[PDB]
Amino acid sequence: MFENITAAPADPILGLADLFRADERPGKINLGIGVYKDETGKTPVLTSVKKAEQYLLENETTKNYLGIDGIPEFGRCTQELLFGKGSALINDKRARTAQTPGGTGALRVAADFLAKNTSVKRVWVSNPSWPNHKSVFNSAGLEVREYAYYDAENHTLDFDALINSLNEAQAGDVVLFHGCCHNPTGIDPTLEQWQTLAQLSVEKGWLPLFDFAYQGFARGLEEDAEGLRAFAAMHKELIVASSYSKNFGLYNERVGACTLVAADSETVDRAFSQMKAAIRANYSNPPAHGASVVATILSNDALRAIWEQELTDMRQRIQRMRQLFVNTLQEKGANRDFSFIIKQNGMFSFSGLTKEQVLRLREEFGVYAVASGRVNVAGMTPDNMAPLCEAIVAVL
């Protein structure tokens, strides 16, 4: 039944790792990773989540099943992080949050729910976007379409092409928005554009799906949700797949949320019964440990203050190398002007390199990066900086 021919193909970024370890040579630099790294190259456990883990060891007395939608505490800590404390959405009981395995886990649950209970047939994702978005949505029977976003040239958001392209969408189409700037480009909407897009969607009938995975890495936790909240003000129904992998550095514990908002509490509960039916048929109920850590910190004033200092250090560190890479590039020769790197938010950026400068950089220079030219600046440190900017000047 399986013997002879089934198939393959390698993940874009995930197969690039098995030639990082294999290289002998001194220099070897991996940008092209997807996690954060500190000035010494490690992805440490946060001081704050180690404290909440000692709390959980001493306090937990059972390991019994969680409800299908998880830990209540977690759900409202999420709603308050995504929307704010005083939001018409929370006091009006318009939102329901399922605790889910990672942000990908939340998108597959948005997907199965939508594919099975709704009339939705296409979702519109940006070009470029995170490659695993097509697979999650195609696995739920939905085909994916693309709306312009960058193209390239000016190194910015091509606002008029995204809209002239978004007009080809009909009214029960989902359009997926990145809340916290864009993987792979780091490019925003400005608040005035998020407002210009929230009205459009209200008038054309799109149903927005915000993918929000890097909240806290652009200007701060609150400022990073103003796009979302600018749409949550205008919408009756919306969906958000949030993740706590990159901000609680809780990557392998699989900690995410799928929030559904619906117009009123009676509707959102009927809808959320089917979202819970979807989940029951996938993994049955969510992993407790990581969500138990996120809810213990977010509800403890001491702990939550150490976490926020730790998110501000990561955030400040990435900003530093955006600032420092574009400077070392100037004082190391540098052909092209890279000023665009600064205010392009978060960990990833398109270096601008061709799919030939990347392979020249990788075969015999030791710098790794994704062939699309996407680099992770959190893979950059101060004493690996000038070996890296030198290698890049060598190829233009």
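Numbers follow the displayed sequence, beginning with 1. Between two forms, the rigid core is defined as the largest C-alpha subset superposing within 1.5 Å.
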| item | value |
| --- | --- |
| Farther-lying stretch by C-alpha RMS in 4 other deposited structures of this protein, rigid core as reference, of 229 to 237 and 180 to 188 | 180 to 188 |
| Farther-lying stretch by C-alpha RMS in 4 other deposited structures of this protein (rigid core fit) among 156 to 164, 143 to 151 | 143 to 151 |
| Stretch with the greater mean C-alpha B-factor as recorded in the entry, comparing 75 to 83 against 139 to 147 | 139 to 147 |
| Stretch with the greater mean C-alpha B-factor as recorded in the entry, comparing 154 to 162 against 179 to 187 | 154 to 162 |
| Criterion, highest CA B-factor; candidates, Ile68, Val45, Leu329, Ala52 | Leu329 |
| Chain-relative CA temperature factor third for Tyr244 | lowest |
| Third assignment of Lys343 from its chain's C-alpha B-factors | highest |
| Chain third (lowest, middle, highest) by recorded CA B-factor, residue given as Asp224 | middle |
| Assigned third (lowest, middle, highest) for the C-alpha B factor of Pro208 | highest |
| CA B-factor ranking of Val268, expressed as a third of its chain | middle |
